[PDB]
Amino acid sequence: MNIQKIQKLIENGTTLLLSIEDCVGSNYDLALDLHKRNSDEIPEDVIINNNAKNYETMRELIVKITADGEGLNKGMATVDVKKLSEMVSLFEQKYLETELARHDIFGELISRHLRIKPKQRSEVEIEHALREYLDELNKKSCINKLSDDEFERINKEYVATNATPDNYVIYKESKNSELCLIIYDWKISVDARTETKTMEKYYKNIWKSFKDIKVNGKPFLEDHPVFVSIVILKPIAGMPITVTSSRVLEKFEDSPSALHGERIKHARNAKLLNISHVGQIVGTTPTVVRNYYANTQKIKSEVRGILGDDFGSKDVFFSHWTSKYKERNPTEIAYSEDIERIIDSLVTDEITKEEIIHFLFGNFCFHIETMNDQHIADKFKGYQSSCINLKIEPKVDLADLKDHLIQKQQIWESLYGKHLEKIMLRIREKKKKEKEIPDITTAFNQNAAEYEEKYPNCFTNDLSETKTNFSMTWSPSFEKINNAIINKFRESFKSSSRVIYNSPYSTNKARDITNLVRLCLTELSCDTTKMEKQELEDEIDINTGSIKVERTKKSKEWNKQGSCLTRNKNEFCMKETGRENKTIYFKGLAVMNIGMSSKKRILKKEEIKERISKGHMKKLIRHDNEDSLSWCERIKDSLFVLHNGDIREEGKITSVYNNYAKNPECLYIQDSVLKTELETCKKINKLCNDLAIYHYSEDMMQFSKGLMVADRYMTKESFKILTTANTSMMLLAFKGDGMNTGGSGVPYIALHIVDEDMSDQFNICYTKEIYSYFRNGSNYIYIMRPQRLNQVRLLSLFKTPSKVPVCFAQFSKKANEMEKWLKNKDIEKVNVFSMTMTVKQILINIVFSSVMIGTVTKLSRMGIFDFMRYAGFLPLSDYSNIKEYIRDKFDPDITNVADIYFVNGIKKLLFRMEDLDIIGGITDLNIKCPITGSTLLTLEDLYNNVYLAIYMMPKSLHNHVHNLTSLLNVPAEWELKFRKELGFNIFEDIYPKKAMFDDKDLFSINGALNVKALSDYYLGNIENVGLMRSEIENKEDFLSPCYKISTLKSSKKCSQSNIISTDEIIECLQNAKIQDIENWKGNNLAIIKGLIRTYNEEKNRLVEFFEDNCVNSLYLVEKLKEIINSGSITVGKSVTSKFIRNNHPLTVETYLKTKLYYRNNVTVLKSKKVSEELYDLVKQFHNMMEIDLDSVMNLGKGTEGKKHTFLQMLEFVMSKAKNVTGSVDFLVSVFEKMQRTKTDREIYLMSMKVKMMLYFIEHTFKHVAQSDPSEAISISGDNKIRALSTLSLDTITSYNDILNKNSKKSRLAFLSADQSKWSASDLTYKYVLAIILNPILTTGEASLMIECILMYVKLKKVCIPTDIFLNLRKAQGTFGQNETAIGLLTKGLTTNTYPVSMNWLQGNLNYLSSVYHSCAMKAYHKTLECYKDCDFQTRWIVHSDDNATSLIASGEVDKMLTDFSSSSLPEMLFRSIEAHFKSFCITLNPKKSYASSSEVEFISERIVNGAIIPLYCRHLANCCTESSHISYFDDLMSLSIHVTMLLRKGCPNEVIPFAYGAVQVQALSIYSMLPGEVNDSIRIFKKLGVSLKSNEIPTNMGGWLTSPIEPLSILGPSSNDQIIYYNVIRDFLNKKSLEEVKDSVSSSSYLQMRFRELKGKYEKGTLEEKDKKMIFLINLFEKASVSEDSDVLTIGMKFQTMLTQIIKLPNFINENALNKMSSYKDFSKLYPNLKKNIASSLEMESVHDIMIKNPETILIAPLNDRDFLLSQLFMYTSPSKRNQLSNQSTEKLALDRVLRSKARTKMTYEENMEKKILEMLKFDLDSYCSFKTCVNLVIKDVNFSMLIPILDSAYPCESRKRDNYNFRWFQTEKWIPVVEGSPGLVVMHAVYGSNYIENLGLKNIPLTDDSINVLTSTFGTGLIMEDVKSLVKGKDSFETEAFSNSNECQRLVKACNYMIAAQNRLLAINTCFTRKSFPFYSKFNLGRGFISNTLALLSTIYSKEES
RNA sequence: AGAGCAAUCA
RNA sequence: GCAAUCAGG
RNA sequence: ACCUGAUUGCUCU
């Protein structure tokens, strides 16, 4: 309903009553006129009487509404609005009855004068028309007479359609003529769009009904005529009437029936009507009928004006509009005139300007059959005014437009031959320009020569000049058995100077380092005799997260033991040592380069410029260095000898990996079916144990963890001594750089006690990094180089125990000879001394690969492994990159050796492939790249190894300044290339259309081809335009409030522009008081320092700044002089990005504003939050410029309160953006994406206005993508990718096998394509050209769409970030005085922003670009099918930047390859796609795109002949590298999702226990320390004596991943909790299986009996240990709600789990980001500074009173604006609500968490866990409701209760189940019993991507909701008084939550929801009126406790079948 | 010495 | 790595 | 002003 409509019907009552009285008079005059000539009864009499009674009905209705609405306009509250709405409804259905009656009156009037008069009928339908025509054909004798046998199968094959005609007639010309029928319709309208719509609807459903129906092998319509005749009279002037009649025969667009002239000409020569106007009609008075018809339209204007169009002929779907810019049109009413130059660019000689305009602005008549009404009127008015604005005479009517455009598509169709000869010409031109490289070695040499030209003298033969070999990390094996290692090293270093300084391969720094270590070991370090113990570190809880060891001087006592001053039992400083010792120590620090002498820094910075600039300091090696190859082979052999020297047998990593792989049969339920493969996994585990893979990576973790924690509050004159769990490893971790800045890091010295047995091999191993070594006793002491790691690199070293052992497992499975030797030999006989040379060499290479992949830390490995990502394109047909990719995109950045092994392995594979289900390796005999590994079993193994070594790498290893400068060099170069190519100037604006976008090469489209292709694509894709618009505005939340959209609500970054105003700078300088130099703090001091620094740098800029922004500039200049001459200020020199780091942001903003004034305005973007900025925009819309507490609460009560729409917010954005503000809205910030690559990609922060506009841009094409079957960006998760590529390859292979039966010739090809620069090289004005062709839109939001893209492209400029901008300005000021493309787009780096023009911002346009890529391939299809010689069929799969295009050819194949200048069909496919895309401004990359005959690579996971190469290695890498870092249970949950996906995508026999181990090590090592140390959970449970055994501890309680692999494959990552809960229910309720358990539970008063038995056992004291498990886990389930941190109101949360997170550590929340957040500013403003960090008690009391008064803002997602913006204010109330904001992300949070785990978080982690478990061991009363809902949740799971019996009773093998054994057991017994117990399939082998079958979130989401309601009620009542157990009769909500928390509130409301099923419709009024607490916190959740669902598991496609 | 190759962190 | 003070050059 | 030594504080403005 609409109150605006209810008011608009009131004031029109006078004219409505006059029109109704005139209607009554005209109807009575018509009745008298008919009755005086026909005294008998007529068919018009009944409808005339119905018209009369409905007319007096609406007369009484409008009288009553006019009487009632007198008080509504004065605002009286006693107006019956619902009664007025009901009367409006009665008015409207009475008017609908009169409209139908008037149509029937027209039909009965015209039906007398027909040449074929139809019989009078009331209800008519095409169905009965067709049945009666068929039986009349069967009965009557005619030429086209049907037979009796032919009668039945027409109706059998017939498909019914739903439409409502007006009449139908069957007519005979003569006795021996043909029987035919004519469909009659009677519609009345002024413009012929009704005629066109009705006639095309009738044509289309008759054609769809009779398309497949054939008579005697002929079409049905050829012999049997069906006629459609539609008659319209125009109700203006002299009442002209016309008939449009046509015969349906074929498709309408290919029929002669398309033209209106042929309709009226076919109406002629048969004389259907004898009538030109109704005054000719016999028996009717002309003036009476004309007055009555105009009289009806003079209420048809009014009723349709007020009530809109609620006609509903076929439910119409009520296409709404977008009103404010609705009246405007894309040309001459937008901000700039651009469509005219678009048209002038589009016009050619063959196709003219007026034709281009007509087609472009009127291609809606082609989709005219299924639009709603008045959309036609809006779009045609827009077309008419667009033609008027473009100075072309518009076509007057839709009929003439249709005849025009039919002739125009006839001339349009002869363009694809021109495009075909164009692409043939371009193919033959590109054939003669490419250069054939002779050999792969010469391609490598050419790439090396080009790299040497780019970087001079980089390659060197001096192998000693390279970087470090075995990373910055060494863990040698050791032989002896915390401080003991340290005194061992002290007794080692007390010996004399027999040290031997080492040459790098074949030295004052070495002497200096050896002296420093011998000083720090002899005269500095002492032992652990002191008993003060370690100091525990707390937080500060002001900025919660900053852990402090406190400045209270009890921590900084520094101690003593003689002369050492140790803290924390390992750190010691120097303060009272000798002066010679201090000089030696400082020379050690100078060689270490910790602490820069500024003299040396300035001297080096001047010297490098003087040395280099008169003629990049990279030192390189070549790819063909056989000396390096021999050195690396020695490196390998020495590493294998070194790794076997460990004798340790117990450890920490050894414990978890031995638990998960020593006996992995406990991960199954059928252990006895596979024996040798479990033995193979045990053999791999034993090889890792004996080779100390687990032990070595344990020292890797201890290394990294102690090295991170080794940066603390110490100064430069101290050092920590670090020890791992090794018996002889030690680091000297000195004073660092960061821990919070991401700088260089912590320098250290490594020392080792490798003995004489491994001394020489160790010297071959670490020769590049050994500085000195000397002999002590029977041992050798080795000292390594000074070494640094960044914090991300230390995290990379911390992920080593998840990285290295799974590398060994997967690589040793994929090594053929190693795997078959492991099957040959036995587990008790596998040893290091028992291989042959080949298998031993395989083991050396595989340990090298495991170590060298788990310890990547340099970008060279990124480079070679990206090269190997695109080095697998060789073995399939036309690759075109076996030489070209190596020549162009291979990066030779080999900065050391140990990557020359990878280069040699790939070069050996390259040379073997050059020497010449798909199995590669038995006949190719190729070589694996990382693990050499000959006799390759399957190409799947090679891609799994290579892609795992790619994806298992860390993310952000890039240096920030270099990465950002390269990532800003990319778009500046790619825009300057266009600007210098098409000849525009830097200073001048875009000049958008220069008409050089007409089929040229670099930046151009074809134009006319594009518009024809887009019209064809919309014709072939957009069906049911009205329904598509309806689901667009429904599903994409367009009419929903803007915060309801996840893309606009989710906490991302937007980077709005935010600078301080120059006026504020002026008065901040003016009110400065020089007498208050010591009183300035914060903002004024910041502005003063910025002005001082800018005066120190550039005086004239401030001179002109104050001249142009102030009148008395001399006062400001002399004030600047007085404030520099004061001497109380702290000036600064050039301190680069640290000047950004250690200062207020206000200083650098005023410094940049006063530095960058060149007659312009400069702005700096600050990265704000998306939700906070949307809150700001809601404030700006609703006119709260400043927040008022009463103004928000005074308006917005309930769902009837004030709201907004996304469209209204969008037009408010354009209203605020069209003003002249310098256009700071379209400013994009470039940031570094963490792309796991050497060549980095980038992420973008576009402003919130741009995000809203671009969300509209993108998501109005989301449903266009959804209706496209050949497109894969509208994907249902990641499953639709593989599924729809599977449909492509399966359908194409079936098509080829069909075409190979009885044909002359047929051929097949495929292309996997990656476009070169999908964003930078693409034209964007094709989007402007293509939005106008949308039939979904109308002019009024389409003009908004064009103006969006136009402003977004013309006024777009990217902005340099401030730190790298000032680095570039530093380079300008002191080194360069010249610059690259950034310094040419910018006027010599005097602006912080540079313009990019049509590089559309990558990743933000994902649906539009993919939709238009699919349109381009449809253009390719209709271009290539214009080949008259041959016939081609294609099926394409499209992603943003990615493509998979297939092709099938038949005909004169060899001749067509001769015309296409290709050796084969894949070659012609590659070249034709390249030329065709190059005509679409789509640059196909010739390197990373290969055309095959059997392989498809769409985005990944190549499928061959319909068999997907599984590629589980991406999940295997995601299981070890990426974790969430939020909690331990959260990390285990997130990694178990990837474990389940890994199992579902297929994994071999030996790698999944290692994957279980890897996710366990990642979660435990990060959060809750893995056993053998403190903060363990198994140790804490054993200490507290809980009855649970070690392998069923719940994961939220700190337990391990204990789920079996079958439920972890079928159920999901909650299967561990469900399995342990099912086990304890089966244990307590003493039964045997799940069916018996649920049968015992299904009878009531049984759980009551067991709970009373448990109560009696607890009373007596006879608590047996089975029941102790029961009390503990139901207390865990029942008190998992509150726990710690339940203040989060997370609805729609992840992890599909049962329990909660229990304990979550507080994230670091600085005050700087809080005070930067504007919503926190508004919070601190509306509630003052007493709540910013006794009156604060009353402040929070008021905030909780208005919590409890409106808890809808905090319970569920916001409804109105009184539920959202004040929710954003309330989001900072109390701690653990502020702990959900962090700009920390993944990389720097793990160091915070490992620092938090062993700290006081005041208690600590183990104290909190101990007190929590001690509280859960109690029997808090009335837990029966919790026990009942827990047992109900376990029992009700249908998928679990179907999986468990068929897993317990699964037959093992045979009978077409498990006839194979090669890794198909986790195919068959994982899914085939489950996927035949759940809806059936015919599959045996496949790959699996499942649904959301286990949607177990129906309990944990109300667990979170009941937690937040319980805890906000707890804050409220604990604030309102202390000692709350039962209240003192407060208000009703307080009494109800008292009832709630007197018992277990969560479990009582779960029981309450278990009986009741009320479920009110959530109107925010009635739900509050029924009852407050229990239904408002149960049924507001949009659901209740209900059942789960099971599906068919979605088996995508069949893998290769073995039987 | 180390991280990187935009002349940058120490 | 920074911040300021106190000295020396 | 610019560099070394002695003090305490920041260890994510």
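Residues numbered from 1 in each chain as written, not as in the entry; some residues may be left out. Chains lettered and ligands numbered in written order. Heavy atoms only, no water. Residues with missing side-chain atoms left out of burial classes, pairs and counts.

Method of determination, as given in the entry header: cryo-EM; reported resolution: 3.7 Å.

Glancing now at the UniProt feature "domain: RdRp catalytic" (unreviewed entry) in chain A. Mapped onto the present numbering, the UniProt feature "domain: RdRp catalytic" (unreviewed entry) falls on residues 1298-1480. As a span, residues 1298-1480 carries 43% helix and 17% strand, and end to end its C-alpha atoms are 33 Å apart. (UniProt positions renumbered as here; feature names shortened; annotations may be inferred. Helix = DSSP H or I, 4+ residues; strand = E, 2+ residues; numbered from the N terminus.)

Turning next to the protein's contact with RNA strand C. The local shell around RNA strand C consists of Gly-595, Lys-735, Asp-737, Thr-1130, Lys-1138 and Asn-1142. Near the protein, meaning within 4 Å, the atoms of RNA strand C are sugar or phosphate in a fraction of 71%, with bases accounting for the rest. A distance of 2.5 Å separates a base nitrogen of RNA strand C from a polar atom in the side chain of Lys-735. Side-chain polar atom of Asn-1142 to a sugar or linking oxygen of RNA strand C: 2.9 Å apart, as the coordinates give it. Residue composition of the surface near RNA strand C, grouped by class: no nonpolar, 3 polar and 3 charged. (Near = heavy atom within 4 Å. Polar contact = N/O pair within 3.5 Å; in protein donor to acceptor, adjacent residues only side chain to side chain. Nonpolar A, V, L, I, M, F, W, Y, C, P; charged D, E, K, R; others polar.)

A separate point is the domain arrangement of chain A. For chain A, the assigned domains are domain 1 (1-113 + 284-313), domain 2 (116-273) and domain 3 (482-527 + 564-615 + 702-792). Just the C-alpha atoms count here: the centres of domain 1 and domain 3 sit 97 Å apart. (Domains from an automatic or database assignment.)

Within the structure, RNA strand D sits among 19 residues, and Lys-575, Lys-599, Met-714, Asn-740 and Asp-1792 are positioned closest to it. Those atoms of RNA strand D that come within 4 Å of the protein belong to sugar or phosphate at a rate of 71%. The separation between a sugar or linking oxygen of RNA strand D and a polar main-chain atom of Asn-740 is 3.0 Å. Within the side chain of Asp-1792, an N or O atom sits 2.6 Å from a base nitrogen of RNA strand D.

On to helix α79 (residues 1945-1955). The element α79 is extensively covered by neighbouring structure, given that 8 of its 11 residues are classed as buried. Every buried residue of α79 is accounted for by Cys-1945, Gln-1946, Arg-1947, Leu-1948, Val-1949, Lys-1950, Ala-1951 and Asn-1953. Among the structural elements, α65 (1665-1678), α73 (1824-1836), α77 (1900-1920), α78 (1932-1942) and α81 (1973-1978) are those in contact with the buried residues of α79. (Buried < 20%, exposed > 50% of the residue type's maximum accessible area, 1.4 Å probe, protein only. Contact = heavy atoms within 4.5 Å.)

We now examine the pairing of strand β2 (residues 179-186). On a regular strand, each side chain points to the face opposite its neighbour's, so the side chains alternate between the two faces of the sheet. Of all the 8 residues making up β2, 8 are buried; the element is thus mostly covered by neighbouring parts of the structure. Along β2, one buried face is formed by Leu-179, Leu-181, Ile-183 and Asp-185 and the opposite face, lined by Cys-180, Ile-182, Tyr-184 and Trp-186, is buried too. Two elements, strand β1 (residues 167-172) and β2, share 6 bridges in a ladder whose sense is antiparallel. Along β2, the bridge assignment pairs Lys-172 with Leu-179. Adjacent in sequence and paired antiparallel, β1 and β2 are bridged by 6 residues. (Pairing = 2+ DSSP bridges.)

To continue, consider the pattern of salt bridges. According to the stated counting rule, one finds 67 salt bridges in the structure shown. For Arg-712, the salt bridge goes to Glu-537, with nearest N and O atoms at 2.7 Å. According to the relative accessible area criterion, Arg-712 is buried, its value standing at 18%. Overall, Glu-537 belongs to the buried group, its relative accessible area being 6%. For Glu-1935, the salt bridge is made with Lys-1929, and the minimal N-O distance between the two is 2.8 Å. (Salt bridge = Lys/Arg side-chain N within 4 Å of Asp/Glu carboxyl O.)

What follows is about the sheet that holds strand β20 (residues 1357-1359). The sheet built from 4 strands is open, its strands ordered β18-β17-β20-β21 with mixed pairing. The open sheet terminates on both sides in strands that have one partner only, identified here as β18 (1242-1246) and β21 (1393-1395). Averaged over all neighbouring strand pairs, the angle between strand axes comes to 35 degrees, with direction disregarded. Of the strand pairs in this sheet, strand β17 (residues 1227-1232) and β20 are connected by 3 bridges, and their pairing is parallel. Bridge pairing in β20 links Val-1228 to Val-1358. On the sheet, helix α34 (residues 960-982) packs against β17, β18 and β21 and is oriented at approximately 135 degrees with respect to β17. (Axes fitted to C-alpha atoms, helices over the stretch in contact; angles between N-to-C directions.)

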